[PDB]
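Everything below belongs to structure.cif, which stores mmCIF, C-alpha atoms.
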data_input
loop_
_atom_site.group_PDB
_atom_site.id
_atom_site.type_symbol
_atom_site.label_atom_id
_atom_site.label_comp_id
_atom_site.auth_asym_id
_atom_site.auth_seq_id
_atom_site.Cartn_x
_atom_site.Cartn_y
_atom_site.Cartn_z
ATOM 1 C CA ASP A 627 5.878 14.692 8.137
ATOM 2 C CA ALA A 628 4.129 11.348 7.606
ATOM 3 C CA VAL A 629 4.690 8.039 5.828
ATOM 4 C CA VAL A 630 1.769 6.168 4.253
ATOM 5 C CA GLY A 631 1.541 2.765 2.582
ATOM 6 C CA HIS A 632 -0.790 -0.050 1.572
ATOM 7 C CA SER A 633 -0.606 -3.441 3.316
ATOM 8 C CA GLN A 634 2.969 -4.515 2.606
ATOM 9 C CA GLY A 635 3.602 -0.915 1.601
ATOM 10 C CA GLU A 636 2.991 -0.159 5.279
ATOM 11 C CA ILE A 637 6.003 -2.199 6.429
ATOM 12 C CA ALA A 638 8.733 0.411 6.026
ATOM 13 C CA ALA A 639 6.035 3.058 6.244
ATOM 14 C CA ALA A 640 6.267 1.961 9.874
ATOM 15 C CA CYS A 641 10.040 1.380 9.838
ATOM 16 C CA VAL A 642 11.496 4.814 9.061
ATOM 17 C CA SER A 643 8.491 6.650 10.550
ATOM 18 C CA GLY A 644 9.936 5.896 13.985
ATOM 19 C CA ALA A 645 7.538 2.987 14.532
ATOM 20 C CA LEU A 646 9.844 0.018 13.814
ATOM 21 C CA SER A 647 13.434 -0.959 14.527
ATOM 22 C CA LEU A 648 15.405 -2.175 11.522
ATOM 23 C CA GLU A 649 16.153 -5.697 12.775
ATOM 24 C CA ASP A 650 12.634 -6.436 14.005
ATOM 25 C CA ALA A 651 11.078 -4.858 10.911
ATOM 26 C CA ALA A 652 13.271 -7.226 8.890
ATOM 27 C CA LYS A 653 12.018 -10.107 11.047
ATOM 28 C CA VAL A 654 8.410 -9.019 10.475
ATOM 29 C CA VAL A 655 8.749 -8.690 6.710
ATOM 30 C CA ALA A 656 10.653 -11.965 6.340
ATOM 31 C CA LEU A 657 7.971 -13.846 8.266
ATOM 32 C CA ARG A 658 5.178 -12.093 6.341
ATOM 33 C CA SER A 659 6.694 -12.795 2.916
ATOM 34 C CA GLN A 660 7.448 -16.425 3.766
ATOM 35 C CA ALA A 661 3.918 -16.926 5.120
ATOM 36 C CA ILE A 662 2.484 -15.392 1.938
ATOM 37 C CA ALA A 663 4.640 -17.660 -0.230
ATOM 38 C CA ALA A 664 3.925 -20.829 1.750
ATOM 39 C CA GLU A 665 0.127 -20.714 2.000
ATOM 40 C CA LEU A 666 -1.670 -17.929 0.120
ATOM 41 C CA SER A 667 -0.346 -18.867 -3.335
ATOM 42 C CA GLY A 668 -2.744 -20.469 -5.807
ATOM 43 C CA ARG A 669 -5.930 -19.334 -4.064
ATOM 44 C CA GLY A 670 -7.194 -16.280 -5.944
ATOM 45 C CA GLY A 671 -6.090 -13.093 -7.649
ATOM 46 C CA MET A 672 -6.645 -9.370 -7.989
ATOM 47 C CA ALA A 673 -8.710 -7.847 -10.789
ATOM 48 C CA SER A 674 -8.835 -4.058 -11.104
ATOM 49 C CA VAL A 675 -12.315 -2.804 -11.998
ATOM 50 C CA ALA A 676 -11.970 0.845 -13.029
ATOM 51 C CA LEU A 677 -14.971 1.951 -10.971
ATOM 52 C CA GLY A 678 -15.628 3.228 -7.471
ATOM 53 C CA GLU A 679 -16.797 1.292 -4.443
ATOM 54 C CA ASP A 680 -20.505 1.815 -5.148
ATOM 55 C CA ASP A 681 -20.289 0.817 -8.816
ATOM 56 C CA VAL A 682 -18.256 -2.337 -8.161
ATOM 57 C CA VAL A 683 -20.328 -3.347 -5.121
ATOM 58 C CA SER A 684 -23.472 -3.033 -7.241
ATOM 59 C CA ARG A 685 -21.957 -5.770 -9.437
ATOM 60 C CA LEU A 686 -20.093 -7.813 -6.805
ATOM 61 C CA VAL A 687 -20.775 -11.558 -6.984
ATOM 62 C CA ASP A 688 -20.609 -13.928 -4.014
ATOM 63 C CA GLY A 689 -17.177 -15.025 -2.827
ATOM 64 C CA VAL A 690 -15.354 -11.835 -3.873
ATOM 65 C CA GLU A 691 -14.845 -8.882 -1.531
ATOM 66 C CA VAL A 692 -13.504 -5.423 -2.308
ATOM 67 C CA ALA A 693 -9.731 -5.564 -1.917
ATOM 68 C CA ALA A 694 -9.559 -1.979 -0.619
ATOM 69 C CA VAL A 695 -11.173 1.431 -1.040
ATOM 70 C CA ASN A 696 -8.487 3.001 -3.218
ATOM 71 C CA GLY A 697 -10.780 5.812 -4.363
ATOM 72 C CA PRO A 698 -14.297 6.879 -5.352
ATOM 73 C CA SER A 699 -13.478 5.759 -8.920
ATOM 74 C CA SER A 700 -10.832 2.986 -8.646
ATOM 75 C CA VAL A 701 -11.481 -0.160 -6.589
ATOM 76 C CA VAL A 702 -9.751 -3.525 -7.058
ATOM 77 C CA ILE A 703 -11.521 -6.803 -6.294
ATOM 78 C CA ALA A 704 -10.081 -10.018 -4.871
ATOM 79 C CA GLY A 705 -11.643 -13.436 -4.442
ATOM 80 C CA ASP A 706 -11.806 -16.996 -5.693
ATOM 81 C CA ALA A 707 -10.551 -17.338 -9.255
ATOM 82 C CA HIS A 708 -13.781 -18.765 -10.692
ATOM 83 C CA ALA A 709 -15.885 -15.877 -9.386
ATOM 84 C CA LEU A 710 -13.213 -13.497 -10.692
ATOM 85 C CA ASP A 711 -13.508 -15.058 -14.153
ATOM 86 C CA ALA A 712 -17.308 -14.836 -14.113
ATOM 87 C CA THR A 713 -17.301 -11.216 -12.924
ATOM 88 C CA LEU A 714 -14.634 -10.288 -15.480
ATOM 89 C CA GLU A 715 -16.675 -11.846 -18.283
ATOM 90 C CA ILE A 716 -19.726 -9.890 -17.104
ATOM 91 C CA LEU A 717 -17.715 -6.654 -16.925
ATOM 92 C CA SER A 718 -16.281 -7.211 -20.410
ATOM 93 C CA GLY A 719 -19.823 -7.791 -21.637
ATOM 94 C CA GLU A 720 -20.623 -4.418 -20.082
ATOM 95 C CA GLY A 721 -17.518 -2.974 -21.774
ATOM 96 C CA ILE A 722 -16.035 -1.523 -18.576
ATOM 97 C CA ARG A 723 -12.234 -1.402 -18.594
ATOM 98 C CA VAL A 724 -11.143 -4.252 -16.309
ATOM 99 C CA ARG A 725 -7.610 -5.611 -15.930
ATOM 100 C CA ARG A 726 -6.363 -8.718 -14.161
ATOM 101 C CA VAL A 727 -3.045 -8.626 -12.336
ATOM 102 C CA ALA A 728 -0.886 -11.752 -12.266
ATOM 103 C CA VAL A 729 -1.174 -12.478 -8.534
ATOM 104 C CA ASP A 730 -1.418 -16.149 -7.568
ATOM 105 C CA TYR A 731 -2.108 -15.388 -3.886
ATOM 106 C CA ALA A 732 -5.433 -13.899 -2.802
ATOM 107 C CA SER A 733 -4.632 -11.007 -0.464
ATOM 108 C CA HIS A 734 -6.778 -9.366 2.223
ATOM 109 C CA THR A 735 -9.727 -11.747 1.897
ATOM 110 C CA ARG A 736 -11.273 -14.632 3.837
ATOM 111 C CA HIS A 737 -8.185 -16.749 3.087
ATOM 112 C CA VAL A 738 -6.274 -14.770 5.735
ATOM 113 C CA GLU A 739 -8.619 -16.096 8.449
ATOM 114 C CA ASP A 740 -6.828 -19.477 8.509
ATOM 115 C CA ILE A 741 -3.191 -18.779 9.467
ATOM 116 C CA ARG A 742 -3.857 -15.940 11.913
ATOM 117 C CA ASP A 743 -2.287 -17.858 14.805
ATOM 118 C CA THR A 744 0.892 -18.305 12.750
ATOM 119 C CA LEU A 745 1.278 -14.531 12.406
ATOM 120 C CA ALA A 746 0.430 -14.102 16.094
ATOM 121 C CA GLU A 747 3.184 -16.546 17.077
ATOM 122 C CA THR A 748 5.772 -15.193 14.634
ATOM 123 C CA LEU A 749 5.137 -11.493 15.357
ATOM 124 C CA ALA A 750 4.866 -11.511 19.158
ATOM 125 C CA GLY A 751 6.763 -8.731 20.910
ATOM 126 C CA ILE A 752 8.333 -7.113 17.845
ATOM 127 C CA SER A 753 10.042 -3.809 18.641
ATOM 128 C CA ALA A 754 7.488 -1.540 16.955
ATOM 129 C CA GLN A 755 8.211 1.558 19.030
ATOM 130 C CA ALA A 756 6.089 4.673 19.410
ATOM 131 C CA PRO A 757 6.193 6.615 16.117
ATOM 132 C CA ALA A 758 8.276 9.769 16.378
ATOM 133 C CA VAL A 759 6.562 10.578 13.075
ATOM 134 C CA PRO A 760 2.890 9.742 13.728
ATOM 135 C CA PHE A 761 1.434 7.586 10.955
ATOM 136 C CA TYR A 762 -2.344 7.942 10.761
ATOM 137 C CA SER A 763 -3.352 4.284 10.909
ATOM 138 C CA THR A 764 -5.467 2.669 8.202
ATOM 139 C CA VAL A 765 -6.769 -0.350 10.137
ATOM 140 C CA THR A 766 -8.703 1.864 12.569
ATOM 141 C CA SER A 767 -8.450 5.224 10.724
ATOM 142 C CA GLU A 768 -6.949 7.248 13.569
ATOM 143 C CA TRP A 769 -3.499 8.378 14.662
ATOM 144 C CA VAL A 770 -1.709 6.017 17.057
ATOM 145 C CA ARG A 771 0.458 7.660 19.715
ATOM 146 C CA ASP A 772 1.529 4.788 21.988
ATOM 147 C CA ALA A 773 4.600 2.585 22.385
ATOM 148 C CA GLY A 774 4.581 -1.163 21.799
ATOM 149 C CA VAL A 775 0.898 -1.346 20.843
ATOM 150 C CA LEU A 776 1.417 -2.016 17.134
ATOM 151 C CA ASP A 777 2.163 -5.735 17.430
ATOM 152 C CA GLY A 778 1.490 -8.460 14.865
ATOM 153 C CA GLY A 779 -2.248 -8.421 15.557
ATOM 154 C CA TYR A 780 -2.852 -5.175 13.686
ATOM 155 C CA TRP A 781 -0.370 -6.296 11.033
ATOM 156 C CA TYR A 782 -2.518 -9.381 10.448
ATOM 157 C CA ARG A 783 -5.660 -7.238 10.524
ATOM 158 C CA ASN A 784 -4.222 -5.000 7.798
ATOM 159 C CA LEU A 785 -3.402 -8.221 5.939
ATOM 160 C CA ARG A 786 -7.022 -9.375 6.457
ATOM 161 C CA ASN A 787 -9.493 -6.510 6.901
ATOM 162 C CA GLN A 788 -10.092 -4.178 3.981
ATOM 163 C CA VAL A 789 -7.854 -1.112 3.791
ATOM 164 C CA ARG A 790 -9.652 2.242 3.699
ATOM 165 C CA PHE A 791 -7.107 3.990 1.504
ATOM 166 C CA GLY A 792 -9.680 6.428 0.134
ATOM 167 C CA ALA A 793 -10.854 7.529 3.577
ATOM 168 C CA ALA A 794 -7.290 7.841 4.891
ATOM 169 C CA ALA A 795 -6.223 9.906 1.878
ATOM 170 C CA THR A 796 -9.285 12.144 2.199
ATOM 171 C CA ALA A 797 -8.610 12.684 5.908
ATOM 172 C CA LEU A 798 -4.952 13.503 5.238
ATOM 173 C CA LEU A 799 -5.973 15.980 2.533
ATOM 174 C CA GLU A 800 -8.484 17.588 4.905
ATOM 175 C CA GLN A 801 -5.822 17.818 7.645
ATOM 176 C CA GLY A 802 -3.429 19.885 5.516
ATOM 177 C CA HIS A 803 -1.248 17.143 4.027
ATOM 178 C CA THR A 804 -0.632 17.826 0.341
ATOM 179 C CA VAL A 805 2.691 16.274 -0.730
ATOM 180 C CA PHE A 806 2.526 12.527 -1.424
ATOM 181 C CA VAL A 807 5.913 11.039 -2.335
ATOM 182 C CA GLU A 808 5.414 7.571 -3.846
ATOM 183 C CA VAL A 809 8.548 5.454 -3.360
ATOM 184 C CA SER A 810 8.814 2.056 -5.066
ATOM 185 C CA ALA A 811 10.498 0.331 -7.996
ATOM 186 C CA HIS A 812 7.501 1.242 -10.227
ATOM 187 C CA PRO A 813 4.411 3.535 -9.591
ATOM 188 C CA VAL A 814 1.275 1.762 -8.192
ATOM 189 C CA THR A 815 -0.334 4.357 -5.834
ATOM 190 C CA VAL A 816 0.369 7.469 -8.001
ATOM 191 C CA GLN A 817 -2.731 7.265 -10.298
ATOM 192 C CA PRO A 818 -5.406 7.205 -7.482
ATOM 193 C CA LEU A 819 -3.544 9.810 -5.352
ATOM 194 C CA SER A 820 -2.999 12.061 -8.375
ATOM 195 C CA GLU A 821 -6.653 11.871 -9.403
ATOM 196 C CA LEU A 822 -7.458 12.994 -5.850
ATOM 197 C CA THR A 823 -4.856 15.716 -5.222
ATOM 198 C CA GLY A 824 -2.899 16.202 -8.458
ATOM 199 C CA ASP A 825 0.471 16.062 -6.655
ATOM 200 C CA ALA A 826 2.286 12.719 -6.748
ATOM 201 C CA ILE A 827 5.887 11.854 -7.640
ATOM 202 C CA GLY A 828 7.022 8.266 -8.149
ATOM 203 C CA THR A 829 10.573 7.247 -7.324
ATOM 204 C CA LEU A 830 11.495 4.441 -9.752
ATOM 205 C CA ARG A 831 9.964 2.883 -12.857
ATOM 206 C CA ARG A 832 10.305 -0.368 -14.775
ATOM 207 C CA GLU A 833 13.518 -0.757 -16.825
ATOM 208 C CA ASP A 834 14.816 2.530 -15.336
ATOM 209 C CA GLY A 835 15.949 1.610 -11.835
ATOM 210 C CA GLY A 836 19.309 3.352 -12.048
ATOM 211 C CA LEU A 837 20.859 6.469 -10.581
ATOM 212 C CA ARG A 838 19.384 8.738 -13.262
ATOM 213 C CA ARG A 839 15.809 7.980 -12.200
ATOM 214 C CA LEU A 840 16.711 8.605 -8.553
ATOM 215 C CA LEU A 841 18.132 12.036 -9.389
ATOM 216 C CA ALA A 842 15.075 12.732 -11.553
ATOM 217 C CA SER A 843 12.726 11.948 -8.657
ATOM 218 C CA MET A 844 14.836 14.063 -6.303
ATOM 219 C CA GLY A 845 14.663 16.926 -8.791
ATOM 220 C CA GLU A 846 10.889 16.612 -9.035
ATOM 221 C CA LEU A 847 10.614 16.771 -5.247
ATOM 222 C CA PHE A 848 12.971 19.767 -5.140
ATOM 223 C CA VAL A 849 11.080 21.660 -7.853
ATOM 224 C CA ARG A 850 7.808 20.921 -6.054
ATOM 225 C CA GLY A 851 8.959 23.294 -3.309
ATOM 226 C CA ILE A 852 10.692 21.201 -0.657
ATOM 227 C CA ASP A 853 14.395 21.809 -0.022
ATOM 228 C CA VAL A 854 16.913 19.020 -0.651
ATOM 229 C CA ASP A 855 20.566 18.778 0.391
ATOM 230 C CA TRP A 856 22.226 18.326 -2.994
ATOM 231 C CA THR A 857 25.739 18.667 -1.545
ATOM 232 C CA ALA A 858 25.846 14.959 -0.657
ATOM 233 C CA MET A 859 25.655 13.802 -4.280
ATOM 234 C CA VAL A 860 28.323 16.143 -5.696
ATOM 235 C CA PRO A 861 31.650 16.837 -3.929
ATOM 236 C CA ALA A 862 33.836 19.944 -4.098
ATOM 237 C CA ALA A 863 36.229 20.754 -6.942
ATOM 238 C CA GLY A 864 38.255 23.597 -8.427
ATOM 239 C CA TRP A 865 37.101 27.067 -9.375
ATOM 240 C CA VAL A 866 34.987 27.616 -12.491
#
What would the structure in this file look like if it were written as C-alpha cells?
Amino acid sequence: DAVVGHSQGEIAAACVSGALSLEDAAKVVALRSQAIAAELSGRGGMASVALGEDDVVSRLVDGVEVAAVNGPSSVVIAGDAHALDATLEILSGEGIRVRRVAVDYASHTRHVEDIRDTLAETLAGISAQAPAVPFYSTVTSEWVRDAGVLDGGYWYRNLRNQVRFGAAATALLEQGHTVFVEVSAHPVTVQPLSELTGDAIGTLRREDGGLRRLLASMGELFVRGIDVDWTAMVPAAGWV
C-alpha cells in the first residue's frame, strides 16, 4: 500500500513502489554510492543522542545540525568531528545515553552543498516513473502523483535537507496506515517506529541472514493479519 525509507533507504522505496525502473534505479544508486565514497568520507560522523528534537536542539553546538527528525524522543546529530566530540563529552557529563556510529562520511549536512552539480549531471533524466503505489514524499511532506518529476534534484535534496521522518510517520499513522514492514539486513528503523505505533517487523538481523530468518519474518507478517502465498516456498507431495 506504500513503501517508506530514509535517504538511501528511499532508493528501492522508489524502485518497487512503481516510481523507478530497475536499470535506472541501479544507475542512480551506483552513482550515489560512488559519490558518497569519493568525497564525503572523512568529513564527519553520526552520533545518536537519545532525546527528541527539542532536547537535542537545546544543546546543539555550532557546526552540527540535526541529521533527521526520527521521533519526538530519538534524534541523531551529524556534523564536524570536533564539534561531535565536544558535544558527546558534554552529553556524557550530563549522563544522557549517547552512542557514536562508525560513519566516516557526514551525511545530510552542509557538506552536501559542494557536489550538487555532480549529482545533477549524473542523475539527469532517470526513468523515475509515476508511482503506481504513491509514496508520500519526505522532502516536501506530500504525496507526489506525477510522472518524470522525481529527478536527481529531489534525490540530492533528500541527501542534503533534513528528513522529517517523525512528521511523515505521524501523517501516515493519522491517514490510516498501521503496518510498517522494515526490510534490511539488520533493524535500524524498527525502534523509533515501534515506540510510535507498536507494530514493526524487521526482515533480517546480523549473523542471521539466511533462509530461516526470511521465513521467520514472513511468518510474523502472516500472523500480524496479512495473507501470504505460502505455496511458492513448499511444493506438492504425496498424501499424508
Using 12 Å as the limit and counting only C-alpha atoms, can you tabulate each residue of segment 767-861 of chain A that touches segment 690-697 of chain A, with its shortest atom-to-atom distance in Å and the two atoms involved, as a Markdown table?
| residue | atom | partner | partner_atom | distance |
| --- | --- | --- | --- | --- |
| A:784 | CA | A:694 | CA | 10.4 |
| A:785 | CA | A:693 | CA | 10.4 |
| A:786 | CA | A:693 | CA | 9.6 |
| A:787 | CA | A:694 | CA | 8.8 |
| A:788 | CA | A:694 | CA | 5.1 |
| A:789 | CA | A:694 | CA | 4.8 |
| A:790 | CA | A:695 | CA | 5.0 |
| A:791 | CA | A:696 | CA | 5.0 |
| A:792 | CA | A:697 | CA | 4.7 |
| A:793 | CA | A:695 | CA | 7.7 |
| A:794 | CA | A:696 | CA | 9.5 |
| A:795 | CA | A:697 | CA | 8.7 |
| A:796 | CA | A:697 | CA | 9.2 |
| A:814 | CA | A:696 | CA | 11.0 |
| A:815 | CA | A:696 | CA | 8.7 |
| A:816 | CA | A:696 | CA | 11.0 |
| A:817 | CA | A:696 | CA | 10.1 |
| A:818 | CA | A:697 | CA | 6.4 |
| A:819 | CA | A:697 | CA | 8.3 |
| A:820 | CA | A:697 | CA | 10.8 |
| A:821 | CA | A:697 | CA | 8.9 |
| A:822 | CA | A:697 | CA | 8.1 |
| A:823 | CA | A:697 | CA | 11.6 |
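The interatomic distance for the pair atom CA of residue 668 of chain A and atom CA of residue 729 of chain A works out to 8.6 Å.
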**Study point:** atom CA of residue 734 of chain A to atom CA of residue 672 of chain A, distance in Å rounded to a single decimal
**Key:** 10.2 Å
**Study point:** Among listed residues A:647, A:718, A:735, A:801, nearest residue 670 of chain A (using all atoms listed in the file)
**Key:** A:735
Exercise for review: Go through the shown structure with the PyMOL selection byres ((chain A and resi 770) around 12) and write out the matching residues as a VMD selection string.
Suggested key: chain A and resid 640 645 754 to 769 771 to 776 780
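Minimum atom-to-atom distance to residue 629 of chain A, evaluated using all atoms listed in the file, belongs to A:803 out of A:736, A:730, A:803, A:684.
Counting all atoms listed in the file, the residue from A:641, A:651, A:859, A:628 that sits nearest to residue 751 of chain A is A:651.
In terms of minimum interatomic distance to residue 649 of chain A, A:752 ranks closest within A:722, A:666, A:752, A:710, counting only C-alpha atoms.
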**Study point:** For atom CA of residue 642 of chain A and atom CA of residue 843 of chain A, the interatomic separation in Å (one decimal)
**Key:** 19.1 Å
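Of the listed residues A:635, A:828, A:725, A:689, the one whose atoms come nearest to residue 676 of chain A is A:725, with distances taken using all atoms listed in the file.
Proximity ranking of A:633, A:707, A:716, A:685 relative to residue 783 of chain A places A:633 first, based on all atoms listed in the file.
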Which protein, DNA or RNA residues are at most 9 Å from (-5.3, -8.3, -16.6) in the file's coordinates when you count all atoms listed in the file, listed as a CSV table (one decimal) with C-alpha atoms, keeping the file's coordinate frame?
chain,number,residue,atom,x,y,z
A,672,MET,CA,-6.6,-9.4,-8.0
A,673,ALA,CA,-8.7,-7.8,-10.8
A,674,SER,CA,-8.8,-4.1,-11.1
A,724,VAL,CA,-11.1,-4.3,-16.3
A,725,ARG,CA,-7.6,-5.6,-15.9
A,726,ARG,CA,-6.4,-8.7,-14.2
A,727,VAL,CA,-3.0,-8.6,-12.3
A,728,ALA,CA,-0.9,-11.8,-12.3
Exercise for review: Would you list the contacts of residue 634 of chain A as a ChimeraX atom specification, taking every protein, DNA or RNA residue within 9 Å and counting only C-alpha atoms, but skipping same-chain residues closer than 3 positions in sequence?
Suggested key: /A:631,637-639,655,658,784-785
Save out the residues we just selected, C-alpha atoms, as a PDB file, in the coordinates of the input.
ATOM      1  CA  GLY A 631       1.541   2.765   2.582  1.00  0.00           C
ATOM      2  CA  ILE A 637       6.003  -2.199   6.429  1.00  0.00           C
ATOM      3  CA  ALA A 638       8.733   0.411   6.026  1.00  0.00           C
ATOM      4  CA  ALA A 639       6.035   3.058   6.244  1.00  0.00           C
ATOM      5  CA  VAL A 655       8.749  -8.690   6.710  1.00  0.00           C
ATOM      6  CA  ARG A 658       5.178 -12.093   6.341  1.00  0.00           C
ATOM      7  CA  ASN A 784      -4.222  -5.000   7.798  1.00  0.00           C
ATOM      8  CA  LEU A 785      -3.402  -8.221   5.939  1.00  0.00           C
TER       9      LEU A 785
END
**Study point:** residue 744 of chain A environment, 12 Å, only C-alpha atoms, sequence neighbours closer than 2 positions dropped, as a ChimeraX atom specification
**Key:** /A:657-658,660-662,664-665,738-742,746-750,778-779,782
Output: segment 671-686 of chain A of the preceding structure, restricted to N, CA, C and O atoms, written as a PDB file, in the first residue's frame.
ATOM      1  N   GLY A 671      30.581  12.500  11.093  1.00  0.00           N
ATOM      2  CA  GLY A 671      30.046  11.258  11.618  1.00  0.00           C
ATOM      3  C   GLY A 671      28.711  11.496  12.287  1.00  0.00           C
ATOM      4  O   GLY A 671      28.329  12.627  12.593  1.00  0.00           O
ATOM      5  N   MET A 672      27.983  10.398  12.485  1.00  0.00           N
ATOM      6  CA  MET A 672      26.704  10.439  13.183  1.00  0.00           C
ATOM      7  C   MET A 672      26.868  10.020  14.640  1.00  0.00           C
ATOM      8  O   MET A 672      27.524   9.014  14.942  1.00  0.00           O
ATOM      9  N   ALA A 673      26.255  10.792  15.535  1.00  0.00           N
ATOM     10  CA  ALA A 673      26.141  10.430  16.939  1.00  0.00           C
ATOM     11  C   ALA A 673      24.670  10.464  17.326  1.00  0.00           C
ATOM     12  O   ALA A 673      24.006  11.491  17.160  1.00  0.00           O
ATOM     13  N   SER A 674      24.160   9.342  17.820  1.00  0.00           N
ATOM     14  CA  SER A 674      22.782   9.242  18.272  1.00  0.00           C
ATOM     15  C   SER A 674      22.681   9.764  19.696  1.00  0.00           C
ATOM     16  O   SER A 674      23.323   9.229  20.609  1.00  0.00           O
ATOM     17  N   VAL A 675      21.889  10.817  19.874  1.00  0.00           N
ATOM     18  CA  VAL A 675      21.557  11.367  21.181  1.00  0.00           C
ATOM     19  C   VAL A 675      20.128  10.938  21.476  1.00  0.00           C
ATOM     20  O   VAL A 675      19.196  11.335  20.766  1.00  0.00           O
ATOM     21  N   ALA A 676      19.949  10.132  22.524  1.00  0.00           N
ATOM     22  CA  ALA A 676      18.659   9.502  22.800  1.00  0.00           C
ATOM     23  C   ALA A 676      17.681  10.508  23.413  1.00  0.00           C
ATOM     24  O   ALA A 676      17.147  10.325  24.508  1.00  0.00           O
ATOM     25  N   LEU A 677      17.443  11.584  22.667  1.00  0.00           N
ATOM     26  CA  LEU A 677      16.489  12.615  23.046  1.00  0.00           C
ATOM     27  C   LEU A 677      15.757  13.089  21.799  1.00  0.00           C
ATOM     28  O   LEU A 677      16.154  12.797  20.667  1.00  0.00           O
ATOM     29  N   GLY A 678      14.671  13.828  22.018  1.00  0.00           N
ATOM     30  CA  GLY A 678      13.891  14.371  20.930  1.00  0.00           C
ATOM     31  C   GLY A 678      14.522  15.609  20.327  1.00  0.00           C
ATOM     32  O   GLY A 678      15.591  16.066  20.731  1.00  0.00           O
ATOM     33  N   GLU A 679      13.826  16.162  19.330  1.00  0.00           N
ATOM     34  CA  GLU A 679      14.351  17.316  18.605  1.00  0.00           C
ATOM     35  C   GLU A 679      14.556  18.511  19.526  1.00  0.00           C
ATOM     36  O   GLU A 679      15.589  19.187  19.454  1.00  0.00           O
ATOM     37  N   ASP A 680      13.581  18.793  20.393  1.00  0.00           N
ATOM     38  CA  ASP A 680      13.694  19.940  21.289  1.00  0.00           C
ATOM     39  C   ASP A 680      14.867  19.777  22.249  1.00  0.00           C
ATOM     40  O   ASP A 680      15.665  20.706  22.430  1.00  0.00           O
ATOM     41  N   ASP A 681      14.993  18.601  22.865  1.00  0.00           N
ATOM     42  CA  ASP A 681      16.048  18.392  23.850  1.00  0.00           C
ATOM     43  C   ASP A 681      17.431  18.493  23.218  1.00  0.00           C
ATOM     44  O   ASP A 681      18.335  19.110  23.792  1.00  0.00           O
ATOM     45  N   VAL A 682      17.618  17.895  22.039  1.00  0.00           N
ATOM     46  CA  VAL A 682      18.927  17.945  21.396  1.00  0.00           C
ATOM     47  C   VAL A 682      19.220  19.350  20.876  1.00  0.00           C
ATOM     48  O   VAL A 682      20.354  19.834  20.975  1.00  0.00           O
ATOM     49  N   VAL A 683      18.209  20.032  20.328  1.00  0.00           N
ATOM     50  CA  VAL A 683      18.426  21.371  19.792  1.00  0.00           C
ATOM     51  C   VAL A 683      18.669  22.382  20.904  1.00  0.00           C
ATOM     52  O   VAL A 683      19.271  23.433  20.658  1.00  0.00           O
ATOM     53  N   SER A 684      18.215  22.093  22.125  1.00  0.00           N
ATOM     54  CA  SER A 684      18.575  22.941  23.254  1.00  0.00           C
ATOM     55  C   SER A 684      20.062  22.843  23.572  1.00  0.00           C
ATOM     56  O   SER A 684      20.633  23.771  24.155  1.00  0.00           O
ATOM     57  N   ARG A 685      20.699  21.735  23.197  1.00  0.00           N
ATOM     58  CA  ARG A 685      22.109  21.504  23.476  1.00  0.00           C
ATOM     59  C   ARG A 685      22.975  21.488  22.224  1.00  0.00           C
ATOM     60  O   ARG A 685      24.158  21.140  22.313  1.00  0.00           O
ATOM     61  N   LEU A 686      22.430  21.848  21.064  1.00  0.00           N
ATOM     62  CA  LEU A 686      23.189  21.762  19.824  1.00  0.00           C
ATOM     63  C   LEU A 686      24.245  22.859  19.756  1.00  0.00           C
ATOM     64  O   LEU A 686      23.943  24.043  19.933  1.00  0.00           O
TER      65      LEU A 686
END
